[PDB]
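Chemist:
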Amino acid sequence: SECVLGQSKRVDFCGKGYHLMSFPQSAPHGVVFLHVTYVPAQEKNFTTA
Amino acid sequence: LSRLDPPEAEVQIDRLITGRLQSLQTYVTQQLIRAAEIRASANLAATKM
């Protein structure tokens, strides 16, 4: 009720990374959560004023 | 078992052996709700982790 319903703000509480959305699946005596996170890969340096 | 005889020791052994593992019964309950006090404080660590 805070990852599947709704778009949370809680990292390490809705998977690993900035939580996007959540797909639940049934399981024998279990619940399985998929997670979608926005975790970018490639960067640089940059220079400010 | 040695001094008391198994006819009239059996009501003594009635709640000697049946009662002794009732004392880590104490201990694990003392354990886990310090452990689950931290297993959720894991999640409370995970709040600002």
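Those sequence lines, one after another, are chains X and C.
Taken in order, the first sequence gives residues 1030 to 1078; the numbers are from UniProt numbering.
Taken in order, the second sequence gives residues 981 to 1029; the numbers are from UniProt numbering.
Think of the CB as a built atom: it goes at the ideal place given N, C-alpha and C, for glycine as much as any other residue.
Cutting at 8 angstroms between CB atoms, please list the residues of its own chain near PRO1053/X, excluding the five before and the five after it.
Modeler: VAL1033, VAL1060, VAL1061, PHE1062 and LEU1063
Chemist: Can you give me the C-alpha to C-alpha distance between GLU1072/X and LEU1049/X, rounded to a whole angstrom?
Modeler: 21 angstroms
Chemist: Taking Cβ positions, are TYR1067/X and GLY1046/X nearer each other than 8 angstroms?
Modeler: yes
Chemist: Between which two residues does the alpha helix (DSSP H) containing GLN1011/C stretch?
Modeler: 1005-1027
Chemist: Is the beta carbon of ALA1026/C closer than 8 angstroms to that of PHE1042/X?
Modeler: In terms of Cβ geometry, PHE1042/X and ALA1026/C form a close pair [threshold 8 angstroms].
Chemist: What is the rounded straight-line gap between the Cα of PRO1069/X and the Cα of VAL1040/X?
Modeler: 15 angstroms
Chemist: Could you list which residues in chain X have their beta carbon closer than 9 angstroms to that of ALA1015/C, in chain order?
Modeler: Near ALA1015/C there are no residues of chain X at all, since even the closest Cβ is about 19 angstroms away, more than 9 angstroms.
Chemist: What residues from chain C crowd round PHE1075/X, counting only those whose CB sits closer than 7 angstroms?
Modeler: Chain C residues near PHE1075/X: none, gap ~28 angstroms exceeds 7 angstroms.
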